[PDB]
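Here we start with a single chain on its own, the form deposited without this ligand, put down as structure tokens.
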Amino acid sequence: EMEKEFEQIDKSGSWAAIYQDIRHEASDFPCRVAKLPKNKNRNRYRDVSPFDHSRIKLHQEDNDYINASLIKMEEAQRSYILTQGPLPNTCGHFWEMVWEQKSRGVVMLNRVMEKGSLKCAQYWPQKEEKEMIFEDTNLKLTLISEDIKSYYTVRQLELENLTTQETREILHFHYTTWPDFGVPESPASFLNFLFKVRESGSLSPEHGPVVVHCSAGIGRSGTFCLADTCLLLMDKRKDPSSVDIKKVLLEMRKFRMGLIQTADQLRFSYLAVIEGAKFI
């Protein structure tokens, strides 16, 4: 399998070199819109920007900009929007994006605070009686229910477009145990969480693309989509062992820069795909 590749890279201690080679081969595309002066406060990180060709546009004549990219995986028949954790001023944009893109799910892979610092705004309501109104984009958001498990929490949220009074239910899948440092010791919980997201319909073609984020929207998010896509391809191809994780990662990198941020995240993605395949 890719399991023998894995075992070899481990014995050779060559994760850093494999990872660096991926970084060297990764696509480079312009991000002019992201870099415009008026958009400075719409970006959390100066070095994490969406490419112009794949960026999500807000349906808004003023400023259509949000730090989010559409990753479209043609063979696997899967699409994902990856975005940064909303900033104090981009929560209205974030939910405007969810509304216009017709997403069913949001996948959140970070805690609001990690390492003692804020990694994103508290962009969803924590009590059902205290809804949130986003005045800039005319959206109301209400917590409908919350189910806290040991490794993840799922919330049902109701998003209302106040201009048309249309209402949609959004599922919020919140993975809450990714460690502040490093990667999880075992991919078991992360895989379980991925299957819970799939089971909900959120990744399915009847809906717009799922929105996936952590603080920057490339590291954990890359892992989530990379694992999902490779597992799907292994189920659909005549030869499952032809699925090449490095090649899928580079294809994803054509749509958003920097997906998988460390060699340990790369190793972890391999482990997740390998154990997930053994389960399917």
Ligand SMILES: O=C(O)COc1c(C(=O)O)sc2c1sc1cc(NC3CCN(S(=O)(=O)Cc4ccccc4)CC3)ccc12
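Note that the rigid core is defined as the largest set of C-alphas that superpose within 1.5 Å between two forms. One rule holds for the numbers: they count along the sequence shown, beginning at 1. Shifts are known only where both forms have a C-alpha.
There is another form of the same protein, the form deposited with this ligand bound; it is not shown, and what comes next is about it.
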query: Residue contact check: residue 56 to this ligand in the entry with it bound, 4.5 Å heavy atom; finding: no
query: 4.5 angstroms heavy atom contact with this ligand in the entry with it bound for residue 212; finding: no
query: Any residue of 203 to 234 that, in the entry with it bound, places a heavy atom within 4.5 Å of this ligand; finding: 214, 215, 216, 218, 219, 220
query: Option from 128, 180, 136, 74 moving between the shown form and the other one, CA shift at or above 2 Å, rigid core reference; finding: 180
query: Core fit, then residue 61 C-alpha moves 2 Å or more between the shown form and the other one; finding: no
query: Mobile segments between the shown form and the other one [3+ consecutive residues, each C-alpha shifted 2 angstroms or more, core superposed]; finding: 179 to 182, 238 to 240, 278 to 280
